[PDB]
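Enquirer: Input structure: upload_17.cif, which contains mmCIF, C-alpha atoms.
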data_final
#
loop_
_atom_site.label_atom_id
_atom_site.label_comp_id
_atom_site.auth_asym_id
_atom_site.auth_seq_id
_atom_site.Cartn_x
_atom_site.Cartn_y
_atom_site.Cartn_z
CA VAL A 201 93.05 84.85 95.64
CA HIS A 202 91.15 87.88 94.27
CA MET A 203 91.98 91.29 95.87
CA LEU A 204 89.44 93.27 97.93
CA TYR A 205 87.19 95.72 96.13
CA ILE A 206 84.01 97.57 97.06
CA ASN A 207 81.70 99.82 95.05
CA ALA A 208 81.91 103.52 95.88
CA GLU A 209 81.03 106.86 94.41
CA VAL A 210 83.74 109.44 94.52
CA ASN A 211 82.45 112.92 93.59
CA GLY A 212 79.34 111.25 92.19
CA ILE A 213 81.27 108.79 90.04
CA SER A 214 80.86 105.02 90.55
CA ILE A 215 84.22 103.28 91.00
CA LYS A 216 85.91 100.20 92.43
CA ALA A 217 87.95 100.84 95.58
CA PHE A 218 90.85 98.50 96.32
CA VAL A 219 90.81 98.02 100.11
CA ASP A 220 94.39 97.92 101.49
CA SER A 221 95.31 97.96 105.20
CA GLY A 222 98.98 97.97 104.30
CA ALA A 223 98.67 101.48 102.82
CA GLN A 224 99.15 104.61 104.92
CA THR A 225 97.39 106.96 102.46
CA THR A 226 94.34 106.68 100.17
CA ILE A 227 95.60 107.27 96.61
CA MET A 228 94.35 107.43 93.08
CA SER A 229 95.87 107.06 89.67
CA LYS A 230 96.10 110.10 87.42
CA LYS A 231 93.98 108.13 84.88
CA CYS A 232 91.30 107.66 87.54
CA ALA A 233 91.53 111.34 88.52
CA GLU A 234 90.70 112.25 84.89
CA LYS A 235 87.81 109.71 84.84
CA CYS A 236 86.16 111.38 87.91
CA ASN A 237 86.58 115.03 86.78
CA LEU A 238 88.92 115.53 89.72
CA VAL A 239 91.84 117.11 87.93
CA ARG A 240 90.50 120.59 88.67
CA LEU A 241 90.47 119.77 92.42
CA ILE A 242 94.15 118.90 92.44
CA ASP A 243 96.41 121.07 94.54
CA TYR A 244 99.63 121.03 92.54
CA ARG A 245 101.61 122.48 95.47
CA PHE A 246 102.34 118.76 96.14
CA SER A 247 104.67 116.56 94.03
CA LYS A 257 105.83 110.58 91.11
CA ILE A 258 103.04 112.53 92.84
CA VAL A 259 100.80 114.55 90.50
CA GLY A 260 99.29 116.36 93.54
CA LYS A 261 96.80 116.20 96.45
CA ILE A 262 93.00 116.53 96.53
CA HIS A 263 92.07 118.04 99.84
CA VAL A 264 88.35 117.40 99.81
CA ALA A 265 86.39 114.78 97.95
CA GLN A 266 83.01 113.20 98.60
CA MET A 267 82.88 109.45 99.16
CA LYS A 268 79.52 107.76 98.78
CA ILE A 269 79.47 104.29 100.30
CA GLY A 270 75.99 102.76 100.36
CA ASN A 271 73.81 105.66 101.49
CA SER A 272 76.55 107.33 103.53
CA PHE A 273 78.81 110.25 102.67
CA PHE A 274 82.36 110.95 103.93
CA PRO A 275 84.86 113.72 103.10
CA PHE A 276 88.29 112.41 102.34
CA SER A 277 91.64 113.36 100.80
CA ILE A 278 93.38 111.73 97.89
CA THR A 279 96.92 111.65 96.69
CA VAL A 280 97.17 111.49 92.94
CA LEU A 281 99.99 109.38 91.44
CA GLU A 282 101.30 109.51 87.87
CA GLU A 283 101.13 105.78 87.29
CA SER A 284 99.75 103.26 89.77
CA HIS A 285 98.85 99.54 89.71
CA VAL A 286 95.37 100.15 91.18
CA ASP A 287 93.18 103.02 90.06
CA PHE A 288 91.74 103.77 93.43
CA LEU A 289 93.15 102.57 96.73
CA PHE A 290 91.18 102.88 99.98
CA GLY A 291 93.88 103.15 102.68
CA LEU A 292 94.44 102.64 106.40
CA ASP A 293 94.02 106.40 106.97
CA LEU A 294 90.35 106.05 106.03
CA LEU A 295 89.91 102.62 107.53
CA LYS A 296 91.22 103.74 110.95
CA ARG A 297 89.34 107.05 110.72
CA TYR A 298 86.04 105.23 110.34
CA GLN A 299 86.94 102.32 112.60
CA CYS A 300 85.89 100.18 109.64
CA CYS A 301 85.83 96.42 109.96
CA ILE A 302 87.16 94.15 107.27
CA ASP A 303 85.12 90.99 107.78
CA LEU A 304 86.39 88.17 105.59
CA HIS A 305 83.86 85.92 107.29
CA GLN A 306 80.89 87.75 105.73
CA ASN A 307 83.12 89.02 102.90
CA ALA A 308 82.12 92.65 103.49
CA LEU A 309 83.36 96.02 104.70
CA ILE A 310 81.61 97.46 107.73
CA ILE A 311 81.91 101.25 107.79
CA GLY A 312 79.45 102.87 110.20
CA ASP A 313 75.88 101.89 109.33
CA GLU A 314 76.93 100.53 105.93
CA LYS A 315 77.96 96.93 105.21
CA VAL A 316 79.24 96.64 101.65
CA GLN A 317 80.17 93.28 100.07
CA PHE A 318 83.52 92.70 98.34
CA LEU A 319 83.19 92.00 94.61
CA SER A 320 83.76 88.56 93.09
CA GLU A 321 86.24 88.18 90.20
CA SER A 322 83.41 89.46 87.94
CA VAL B 201 98.90 106.62 111.23
CA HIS B 202 100.83 103.59 112.58
CA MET B 203 100.67 100.37 110.46
CA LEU B 204 98.95 97.18 111.68
CA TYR B 205 101.02 94.69 113.64
CA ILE B 206 100.17 91.68 115.81
CA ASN B 207 102.34 89.40 117.93
CA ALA B 208 102.88 85.91 116.53
CA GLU B 209 105.19 82.98 116.89
CA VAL B 210 106.49 81.54 113.69
CA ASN B 211 108.28 78.20 114.23
CA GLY B 212 108.40 79.02 117.93
CA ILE B 213 109.91 82.46 117.43
CA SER B 214 108.09 85.60 118.64
CA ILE B 215 107.73 88.19 115.87
CA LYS B 216 105.70 91.17 114.71
CA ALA B 217 103.40 90.46 111.76
CA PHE B 218 102.48 93.36 109.48
CA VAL B 219 98.81 92.79 108.56
CA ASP B 220 98.21 93.73 104.88
CA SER B 221 94.98 93.03 102.95
CA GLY B 222 96.52 94.51 99.83
CA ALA B 223 99.00 91.61 99.62
CA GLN B 224 98.23 88.40 97.76
CA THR B 225 100.95 86.33 99.48
CA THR B 226 102.38 86.14 103.02
CA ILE B 227 106.10 86.97 102.73
CA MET B 228 109.16 87.32 104.86
CA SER B 229 112.48 89.07 104.54
CA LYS B 230 115.62 86.99 104.17
CA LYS B 231 116.88 88.72 107.37
CA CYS B 232 113.76 87.54 109.20
CA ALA B 233 114.15 84.04 107.74
CA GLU B 234 117.64 83.89 109.31
CA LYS B 235 116.27 85.21 112.66
CA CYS B 236 113.69 82.34 112.86
CA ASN B 237 116.05 79.48 111.84
CA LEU B 238 113.97 79.05 108.70
CA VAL B 239 116.71 79.08 106.12
CA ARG B 240 116.95 75.29 106.23
CA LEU B 241 113.21 75.03 105.39
CA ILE B 242 113.61 77.07 102.22
CA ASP B 243 112.84 75.32 98.96
CA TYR B 244 115.29 76.97 96.58
CA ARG B 245 113.46 75.57 93.54
CA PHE B 246 111.73 79.00 93.65
CA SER B 247 113.36 82.33 92.68
CA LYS B 257 114.25 88.89 94.02
CA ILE B 258 112.78 85.73 95.58
CA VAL B 259 115.20 83.76 97.79
CA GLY B 260 112.72 80.82 97.83
CA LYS B 261 109.50 79.35 99.33
CA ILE B 262 108.81 77.75 102.72
CA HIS B 263 106.11 75.19 102.23
CA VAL B 264 105.20 74.53 105.83
CA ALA B 265 105.65 76.72 108.85
CA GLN B 266 103.86 76.83 112.19
CA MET B 267 102.06 80.02 113.13
CA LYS B 268 101.18 80.51 116.78
CA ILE B 269 98.59 83.23 117.30
CA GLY B 270 97.35 83.41 120.88
CA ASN B 271 96.88 79.76 121.81
CA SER B 272 96.10 78.65 118.26
CA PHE B 273 98.31 76.99 115.66
CA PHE B 274 98.07 77.24 111.85
CA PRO B 275 100.24 75.80 109.06
CA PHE B 276 101.16 78.35 106.46
CA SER B 277 103.55 79.02 103.57
CA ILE B 278 106.01 81.86 103.24
CA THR B 279 107.77 83.44 100.34
CA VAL B 280 111.21 84.65 101.23
CA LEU B 281 112.42 87.90 99.62
CA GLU B 282 116.00 89.17 99.41
CA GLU B 283 115.24 92.63 100.72
CA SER B 284 111.83 93.79 101.93
CA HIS B 285 110.46 96.87 103.75
CA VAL B 286 108.64 94.75 106.37
CA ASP B 287 110.23 91.71 107.96
CA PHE B 288 107.11 89.66 108.11
CA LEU B 289 103.92 90.36 106.18
CA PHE B 290 100.66 88.55 106.97
CA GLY B 291 98.78 88.53 103.64
CA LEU B 292 95.29 88.20 102.18
CA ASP B 293 95.97 84.51 101.43
CA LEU B 294 96.01 83.82 105.17
CA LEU B 295 93.37 86.39 106.04
CA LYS B 296 90.86 84.92 103.55
CA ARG B 297 91.83 81.35 104.48
CA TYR B 298 90.93 81.97 108.10
CA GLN B 299 88.03 84.32 107.39
CA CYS B 300 89.83 86.67 109.77
CA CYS B 301 88.25 89.96 110.72
CA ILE B 302 90.21 93.18 110.87
CA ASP B 303 88.28 95.20 113.42
CA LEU B 304 89.59 98.76 113.62
CA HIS B 305 86.77 99.48 116.05
CA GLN B 306 88.26 97.23 118.76
CA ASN B 307 91.73 97.58 117.19
CA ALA B 308 92.22 93.81 116.99
CA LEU B 309 92.49 90.87 114.61
CA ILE B 310 89.85 88.18 114.97
CA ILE B 311 91.14 84.84 113.69
CA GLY B 312 89.00 81.92 114.84
CA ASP B 313 88.78 81.81 118.63
CA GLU B 314 91.65 84.29 119.00
CA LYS B 315 91.29 88.08 119.20
CA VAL B 316 94.72 89.70 119.13
CA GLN B 317 95.21 93.47 119.60
CA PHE B 318 97.25 95.58 117.17
CA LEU B 319 100.38 97.09 118.74
CA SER B 320 100.73 100.78 119.55
CA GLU B 321 103.74 102.73 118.20
CA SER B 322 105.71 101.20 121.12
#
For the structure just supplied, provide its representation as structure tokens.

Expert:
Amino acid sequence: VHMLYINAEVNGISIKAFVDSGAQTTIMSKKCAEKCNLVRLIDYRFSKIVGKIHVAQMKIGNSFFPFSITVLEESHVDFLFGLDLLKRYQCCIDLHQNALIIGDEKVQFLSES
Amino acid sequence: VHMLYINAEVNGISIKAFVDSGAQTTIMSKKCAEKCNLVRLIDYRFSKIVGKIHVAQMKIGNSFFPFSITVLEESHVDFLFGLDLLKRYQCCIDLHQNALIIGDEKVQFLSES
């Protein structure tokens, strides 16, 4: 079984978000943080946790959401969309249509490609 | 944020299933395996993995599904409903209604209680 991913822009960068209902908090790898020019945003008063990003822009389809990220030193996925965000947006994970419903957007999960 | 749980009977025992789209495989703790009289079912040709249960009965609402379990020595959750099962049943995680749609069943997630 392939994991669940959607396309998203975080702070205007196109990435692949691993959708994970078993995760309390949306998180991102330090390597991904670099790749999105987000290192400057990092509040280092948090801390293996690199830090916290209080405000970042999520672009999903043609919708825009503020969200927070926790940056980890090393992580298996680069970007992990968590339950925090899922519950906040009363998103629907429909594995019948194979898409994520988040407000007026319906975004398909990617195939292994 | 509270995690996602539903009520289910596995092999006629009432339990609380942690719903987790970020998990490839449905798994169960060794302690939970004991608590469901499932230790006998365990194929020890697998192995920290205690073993694999090839066939177990899931009762969700008034529906019945065969499923496999991987038994782990120690685990944070006791029973974890995975993507394997979610994708297999084209289940829908609706955090708008706060329920799991799996065929003709719609089961509510539990509150912190």

Enquirer: Which residues would end up in the selection if the PyMOL selection byres ((chain B) within 9 of (chain A)) were applied here, given that I need the answer as a compact mmCIF listing (two decimals) with C-alpha atoms, in the frame of the given file?

Expert:
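So out03.txt came out as:
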# COMPACT_ATOMS: atom_id res chain seq x y z
CA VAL B 201 98.90 106.62 111.23
CA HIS B 202 100.83 103.59 112.58
CA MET B 203 100.67 100.37 110.46
CA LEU B 204 98.95 97.18 111.68
CA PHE B 218 102.48 93.36 109.48
CA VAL B 219 98.81 92.79 108.56
CA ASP B 220 98.21 93.73 104.88
CA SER B 221 94.98 93.03 102.95
CA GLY B 222 96.52 94.51 99.83
CA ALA B 223 99.00 91.61 99.62
CA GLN B 224 98.23 88.40 97.76
CA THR B 225 100.95 86.33 99.48
CA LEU B 292 95.29 88.20 102.18
CA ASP B 293 95.97 84.51 101.43
CA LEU B 295 93.37 86.39 106.04
CA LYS B 296 90.86 84.92 103.55
CA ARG B 297 91.83 81.35 104.48
CA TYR B 298 90.93 81.97 108.10
CA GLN B 299 88.03 84.32 107.39
CA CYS B 300 89.83 86.67 109.77
CA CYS B 301 88.25 89.96 110.72
CA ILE B 302 90.21 93.18 110.87
CA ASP B 303 88.28 95.20 113.42
CA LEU B 304 89.59 98.76 113.62
CA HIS B 305 86.77 99.48 116.05
CA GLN B 306 88.26 97.23 118.76
CA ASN B 307 91.73 97.58 117.19

Enquirer: Name every residue that the PyMOL selection byres ((chain B and resi 209) around 10) selects in this structure, writing the answer as a list in words with chains first and numbers rising.

Expert: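 In the shown coordinates, the PyMOL selection byres ((chain B and resi 209) around 10) covers residues 207, 208, 210, 211, 212, 213, 214, 215, 216, 217, 236, 266, 267, 268, 269, 270 and 273 of chain B.
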
Enquirer: At what distance in Å, to one decimal, does atom CA of residue 274 of chain B lie from atom CA of residue 261 of chain B?

Expert: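 One can read the atom CA of residue 261 of chain B to atom CA of residue 274 of chain B distance as 17.1 Å.
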
Enquirer: Mind checking which residues fall within 8 Å of residue 265 of chain A, counting all atoms listed in the file, ignoring those fewer than 3 positions away in the same chain, and posting them as a list in words?

Expert: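 So, after excluding close chain neighbours, the residues are residues 210, 211, 262, 275, 276, 277 and 278 of chain A.
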
Enquirer: Have a look at atom CA of residue 279 of chain B and atom CA of residue 227 of chain B and let me know their distance in Å, one decimal.

Expert: 4.6 Å

Enquirer: Which polymer residues, whether protein, DNA or RNA, lie within 8 Å of the coordinate (110.7, 91.9, 106.1) when you count all atoms listed in the file? List them as a PyMOL selection string, using the chain letters and numbers from the file.

Expert: chain B and resi 227-232+281+283-289

Enquirer: Figure out the distance between atom CA of residue 318 of chain A and atom CA of residue 263 of chain A, please, to one decimal in Å.

Expert: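 About the pair atom CA of residue 263 of chain A and atom CA of residue 318 of chain A: they are 26.8 Å apart.
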
Enquirer: Here's the selection I'm unsure about, the PyMOL selection byres ((chain B and resi 243) around 10); applied to the file above, which residues does it give, as a short mmCIF file (atom, residue, chain, number, x, y, z; two decimals) with C-alpha atoms, keeping the file's coordinate frame?

Expert:
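Result went into selection_24.cif, see below:
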data_model
loop_
_atom_site.label_atom_id
_atom_site.label_comp_id
_atom_site.auth_asym_id
_atom_site.auth_seq_id
_atom_site.Cartn_x
_atom_site.Cartn_y
_atom_site.Cartn_z
CA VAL B 239 116.71 79.08 106.12
CA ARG B 240 116.95 75.29 106.23
CA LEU B 241 113.21 75.03 105.39
CA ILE B 242 113.61 77.07 102.22
CA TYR B 244 115.29 76.97 96.58
CA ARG B 245 113.46 75.57 93.54
CA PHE B 246 111.73 79.00 93.65
CA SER B 247 113.36 82.33 92.68
CA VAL B 259 115.20 83.76 97.79
CA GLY B 260 112.72 80.82 97.83
CA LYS B 261 109.50 79.35 99.33
CA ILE B 262 108.81 77.75 102.72
CA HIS B 263 106.11 75.19 102.23
CA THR B 279 107.77 83.44 100.34
CA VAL B 280 111.21 84.65 101.23
#

Enquirer: Could you pull segment 266-321 of chain A out of the structure just shown and give C-alpha atoms as a PDB file, in the first residue's frame?

Expert:
ATOM      1  CA  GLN A 266       0.923  29.870   4.500  1.00  0.00           C
ATOM      2  CA  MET A 267      -0.578  26.664   3.151  1.00  0.00           C
ATOM      3  CA  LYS A 268      -1.892  26.725  -0.398  1.00  0.00           C
ATOM      4  CA  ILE A 269      -4.160  23.784  -1.155  1.00  0.00           C
ATOM      5  CA  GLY A 270      -5.864  24.071  -4.531  1.00  0.00           C
ATOM      6  CA  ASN A 271      -6.927  27.719  -4.644  1.00  0.00           C
ATOM      7  CA  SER A 272      -7.334  28.025  -0.870  1.00  0.00           C
ATOM      8  CA  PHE A 273      -5.006  29.493   1.731  1.00  0.00           C
ATOM      9  CA  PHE A 274      -4.663  28.513   5.421  1.00  0.00           C
ATOM     10  CA  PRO A 275      -2.315  29.736   8.171  1.00  0.00           C
ATOM     11  CA  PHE A 276      -0.713  26.925  10.081  1.00  0.00           C
ATOM     12  CA  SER A 277       2.122  26.109  12.478  1.00  0.00           C
ATOM     13  CA  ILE A 278       4.951  23.675  11.948  1.00  0.00           C
ATOM     14  CA  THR A 279       7.293  21.875  14.249  1.00  0.00           C
ATOM     15  CA  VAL A 280      10.703  21.389  12.736  1.00  0.00           C
ATOM     16  CA  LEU A 281      12.534  18.123  13.505  1.00  0.00           C
ATOM     17  CA  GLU A 282      16.241  17.403  13.050  1.00  0.00           C
ATOM     18  CA  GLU A 283      15.752  14.162  11.164  1.00  0.00           C
ATOM     19  CA  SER A 284      12.380  12.737  10.145  1.00  0.00           C
ATOM     20  CA  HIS A 285      11.165   9.874   7.905  1.00  0.00           C
ATOM     21  CA  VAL A 286       8.739  12.135   5.994  1.00  0.00           C
ATOM     22  CA  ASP A 287       9.681  15.622   4.887  1.00  0.00           C
ATOM     23  CA  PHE A 288       6.328  17.162   5.507  1.00  0.00           C
ATOM     24  CA  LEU A 289       3.568  15.636   7.613  1.00  0.00           C
ATOM     25  CA  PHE A 290       0.022  17.036   7.581  1.00  0.00           C
ATOM     26  CA  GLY A 291      -1.346  16.164  11.045  1.00  0.00           C
ATOM     27  CA  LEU A 292      -4.610  15.682  12.932  1.00  0.00           C
ATOM     28  CA  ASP A 293      -4.310  19.230  14.333  1.00  0.00           C
ATOM     29  CA  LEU A 294      -4.890  20.584  10.826  1.00  0.00           C
ATOM     30  CA  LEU A 295      -7.272  17.852   9.768  1.00  0.00           C
ATOM     31  CA  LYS A 296      -9.573  18.437  12.771  1.00  0.00           C
ATOM     32  CA  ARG A 297      -9.206  22.220  12.472  1.00  0.00           C
ATOM     33  CA  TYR A 298     -10.533  22.142   8.928  1.00  0.00           C
ATOM     34  CA  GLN A 299     -12.971  19.291   9.484  1.00  0.00           C
ATOM     35  CA  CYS A 300     -11.241  17.713   6.487  1.00  0.00           C
ATOM     36  CA  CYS A 301     -12.510  14.453   5.082  1.00  0.00           C
ATOM     37  CA  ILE A 302     -10.193  11.659   4.064  1.00  0.00           C
ATOM     38  CA  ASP A 303     -12.199   9.862   1.390  1.00  0.00           C
ATOM     39  CA  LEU A 304     -10.485   6.647   0.329  1.00  0.00           C
ATOM     40  CA  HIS A 305     -13.505   5.959  -1.852  1.00  0.00           C
ATOM     41  CA  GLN A 306     -12.714   8.873  -4.209  1.00  0.00           C
ATOM     42  CA  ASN A 307      -9.047   8.772  -3.145  1.00  0.00           C
ATOM     43  CA  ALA A 308      -9.018  12.475  -2.251  1.00  0.00           C
ATOM     44  CA  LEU A 309      -8.788  14.932   0.623  1.00  0.00           C
ATOM     45  CA  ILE A 310     -11.779  17.206   1.120  1.00  0.00           C
ATOM     46  CA  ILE A 311     -10.759  20.414   2.890  1.00  0.00           C
ATOM     47  CA  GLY A 312     -13.396  23.133   2.614  1.00  0.00           C
ATOM     48  CA  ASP A 313     -14.164  23.898  -1.030  1.00  0.00           C
ATOM     49  CA  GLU A 314     -11.078  21.997  -2.218  1.00  0.00           C
ATOM     50  CA  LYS A 315     -10.977  18.304  -3.139  1.00  0.00           C
ATOM     51  CA  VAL A 316      -7.397  17.235  -3.791  1.00  0.00           C
ATOM     52  CA  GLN A 317      -6.499  13.738  -5.065  1.00  0.00           C
ATOM     53  CA  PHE A 318      -3.879  11.555  -3.361  1.00  0.00           C
ATOM     54  CA  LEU A 319      -0.832  10.860  -5.551  1.00  0.00           C
ATOM     55  CA  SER A 320      -0.138   7.475  -7.128  1.00  0.00           C
ATOM     56  CA  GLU A 321       3.256   5.802  -6.556  1.00  0.00           C
TER      57      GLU A 321
END
